[PDB]
Amino acid sequence: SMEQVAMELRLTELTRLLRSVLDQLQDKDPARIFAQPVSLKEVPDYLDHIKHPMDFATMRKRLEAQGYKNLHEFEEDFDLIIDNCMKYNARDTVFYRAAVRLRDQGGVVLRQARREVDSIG
C-alpha cells in the first residue's frame, strides 16, 4: 500500500535523525567507556548486577535495523547506559564520573531532538 510506504519513509527519516543524535551523544564519550558491551569474560558476574545491559554499539545495531519507533525508546536505551554504570560503579571511579558527564552533556542534545521530532512530526 501507499500508506505503508509513507510510514516506511517517516521511520527512515526518524532513523536518519536518531543516527545523527547517536553520533552527537557518542562524541560526549571520548574515552569510549560506553562504546561496547561490558565484557562477560572480564566481568563474569555482571548480569547478577545489571539485568538490562546497554551500550552504544548495541544501540547502533538496533538503530540500523530501524528498531527505534520513537525518540522515547531511543532515550530509554541511552538512559540504561548511564544508569547501569552509576549503579555498578562507585561514585569515586573514572567510570561513574564518565556517566555523569555523558548525562549532563547529552541532555542538551536530547532537549533539541525532542523539539525536532515534535516539529518534523
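Thresholds applied
Residues numbered from 1 in each chain as written, not as in the entry; some residues may be left out. Heavy atoms only, no water. Residues with missing side-chain atoms left out of burial classes, pairs and counts. Salt bridge = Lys/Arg side-chain N within 4 Å of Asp/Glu carboxyl O. Helix = DSSP H or I, 4+ residues; strand = E, 2+ residues; numbered from the N terminus. Buried < 20%, exposed > 50% of the residue type's maximum accessible area, 1.4 Å probe, protein only. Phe/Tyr/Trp six-rings, centres within 6.5 Å; stacked < 30°, edge-to-face > 60°. Expected span 1.5 Å × (residues − 1). Contact = heavy atoms within 4.5 Å. Polar contact = N/O pair within 3.5 Å; in protein donor to acceptor, adjacent residues only side chain to side chain.

- Method of determination for the deposited model, per the PDB record: X-ray crystallography, at 1.7100 Å resolution.

Some points on the pattern of salt bridges
- Inspection of the entire model under this criterion finds six salt bridges.
- For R19, the salt bridge goes to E64, with nearest N and O atoms at 2.6 Å. Of the two residues, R19 sits in helix α1 (residues 2–27) while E64 sits in helix α3 (residues 56–64), which places them 45 residues apart along the sequence.
- When its relative accessible area of 30% is taken as the criterion, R19 is described as partly exposed.
- By relative accessible area, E64 is classed as partly exposed at 44%.

Here's the deal with the packing of aromatic side chains
- Tallying each qualifying case throughout the model produces two aromatic pairs.
- Centre to centre, the rings of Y46 and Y88 are 5.2 Å apart; their planes meet at 70°, and the pair counts as edge-to-face. Pair noted here: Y46 is in helix α2 (residues 46–49) and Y88 is in helix α4 (residues 71–88), with a separation of 42 residues, a long-range link.
- Aromatic pair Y68 and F74: ring centres 5.4 Å apart, planes at 80°, arrangement edge-to-face.

Quick notes on α4
- With 18 residues, α4 extends 26 Å from end C-alpha to end C-alpha; this agrees with the ideal 26 Å at 1.5 Å per step.
- Every buried residue of α4 is listed here: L71, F74, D77, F78, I81, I82, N84, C85 and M86.
- Elements that come into contact with the buried residues of α4 comprise α1, α2, α3 and α5 (94–119).

Remarks on α1
- Taking 1.5 Å per residue, 26 residues should reach 38 Å; α1 reaches 38 Å between its end C-alpha atoms and fits that length.
- Its side-chain oxygen placed 3.0 Å from the backbone nitrogen of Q4, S1 serves as the N-cap of α1.

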